[PDB]
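Reading through the structure tokens given below for one structure.
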Amino acid sequence: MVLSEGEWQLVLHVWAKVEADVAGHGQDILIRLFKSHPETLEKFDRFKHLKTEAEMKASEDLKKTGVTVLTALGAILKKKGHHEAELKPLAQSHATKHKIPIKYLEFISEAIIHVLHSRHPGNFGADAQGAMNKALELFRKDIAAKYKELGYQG
Ligand code: HEM
């Protein structure tokens with residue numbers, strides 16, 4: 001697939017607002033993912049034991065992780081589709097080391113779209129959400145193809 005420059009603009013315009021607070025958005029998104037799909041918390045051996053949202057809010061490990069996730073995603077979106085190199089190492093560790101199914105990447109994409117919609121309503125109207133969903137679908141499709149080459153397709 002291929003996004004038009006206007007769609008990338010909508011994606012990078014709302015991403016520039018997320019970057020004013022990467023750690024807060026990281027927390028919100030991971031907590032949204034774990035409350036919606038609790039089985040995903042099991043993949044994180046570091047803080048798998050957290051039982052409540054309050055615990056999750058108070059975990060420094062969860063917040064650091066959230067910042068790592070968003071910083072790597074932001075670096076991929078800024079490429080505007082030319083992300084082959086950034087995707088390689090990512091696809092390898094999530095397919096071989098962590099074992100994250102494509103389904104989980106769909107779940108976090110939905111958590112990203114839910115948080116942006118709540119926090120940024122004025123910059124996340126319907127066209128901007130369609131462009132963000134396209135950009136995340138592109139990311140999932142290229143990662144899924146890399147998973148296949150690596151022998152995981154999951
Ligand atoms: C937008 C999608 C994602 C991006 C950009 C992303 C990126 C990263 C990055 C950069 C790291 C550190 C380096 C590495 O291990 O590769 C990481 C580690 C990890 N990611 Fe992901 N991730 C994403 C989705 C997920 C999902 C959905 C899960 C789990 C349901 C997951 C589980 C993990 C785990 C278990 C680690 C190790 C955490 C720790 O112990 O350090 N990731 N991820």
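One-based numbering along the chain as shown.
From the backbone N, Cα and C atoms, a Cβ is placed for every residue, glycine too.
Listed in Swiss-Prot for this protein:
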| type | residues | note |
| --- | --- | --- |
| BINDING | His94 | heme b binding site |
| MOD_RES | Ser4 | phosphoserine |
| MOD_RES | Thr68 | phosphothreonine |
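The structure, with features from Swiss-Prot marked on it.
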residue: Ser4; record: phosphoserine; Cβ contacts under 8 Å, 6 or more apart: none
residue: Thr68; record: phosphothreonine; Cβ contacts under 8 Å, 6 or more apart: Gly26
residue: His94; record: heme b binding site; Cβ contacts under 8 Å, 6 or more apart: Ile100, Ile143, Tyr147
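According to DSSP, the residue listed as 'phosphoserine' sits in a coil region rather than a helix or strand. According to its DSSP assignment, the residue listed as 'heme b binding site' is helical.
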